[PDB]
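Trainee: Below you'll find the structure I mean.
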Amino acid sequence: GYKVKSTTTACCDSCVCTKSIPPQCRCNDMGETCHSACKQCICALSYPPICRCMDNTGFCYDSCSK
Amino acid sequence: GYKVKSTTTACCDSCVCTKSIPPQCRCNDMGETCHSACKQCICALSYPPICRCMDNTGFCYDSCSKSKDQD
């Protein structure tokens with residue numbers, strides 16, 4: 001037997017993916033930080049700070065808001 | 001000004017990527033769970049669970065600590 005499950009709580013509300021095999025996806029969410037799976041979080045040092053994750057993934061994280 | 005930093009504690013010891021551009025990478029670590037960035041963690045239901053992250057990423061997470069305390 002086996003299970004397939006997420007071991008992350010990272011989430012993305014606006015995930016955009018190329019329509020390709022395989023897909024190239026990114027999370028376009030902006031906030032005061034990035035989600036807990038983000039390797040490359042870029043933040044403008046404004047007040048409030050504005051951060052977005054620049055990682056490219058082959059899938060989308062679950063929605064934060066649904 | 002701006003800052004580029006990780007907001008994850010996920011790590012991967014055995015990251016394998018294509019050499020073509022842009023890269024396609026996966027983490028081949030096997031353990032009792034998967035790292036904290038894994039969307040698709042597949043685990044055998046063996047007593048010692050054996051789990052691996054199936055996600056494809058366009059990058060590698062940083063290597064894990066050399067100690068037992070690692071993500």
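Every chain in the structure tokens has a letter given in the order shown (A, B, ...), and although residue numbers restart at 1 in each chain, ligands are simply numbered from 1 in the order shown.
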Output the contact residues of chain A with respect to chain B at a cut-off of 6 Å, based on only C-alpha atoms, as a list in words.

Mentor: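 Listing them in order of chain and number gives residues 1, 2, 3, 4, 5, 6, 7, 8, 36, 37, 38, 39, 40, 41, 42, 43, 44, 45, 56, 57 and 58 of chain A.
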
Trainee: Write out as an MDAnalysis selection string each polymer residue whose atoms come within 10 Å of residue 31 (chain A), counting only C-alpha atoms; drop sequence neighbours fewer than 6 positions from it.

Mentor: chainID A and resid 43 48:53

Trainee: From the set A:27, A:21, A:11, A:16, which residue has the shortest atom-to-atom contact distance to residue 54 (chain A), counting only C-alpha atoms?

Mentor: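 Distance minimum relative to residue 54 (chain A) lands on A:27.
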
Trainee: Would you return as a PyMOL selection string the members of chain B that DSSP assigns to strand (DSSP E or B) on this structure's backbone?

Mentor: chain B and resi 2-5+15-17+25-27+31+41-44+50-53+57

Trainee: Tell me which of B:71, B:64, B:28, B:48 sits closest to residue 14 (chain B), counting only C-alpha atoms.

Mentor: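 Answer, going by the shortest atom-to-atom distance: B:28.
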
Trainee: In Å, how far is it from CA of residue 25 (chain A) to CA of residue 60 (chain A)?

Mentor: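 These atoms are spaced 6.6 Å apart.
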
Trainee: Rounded to one decimal in Å, what is the spacing between CA of residue 13 (chain A) and CA of residue 27 (chain B)?

Mentor: 24.5 Å

Trainee: For the atom pair CA of residue 28 (chain A) and CA of residue 29 (chain B), what is the interatomic distance in Å to one decimal place?

Mentor: 28.2 Å
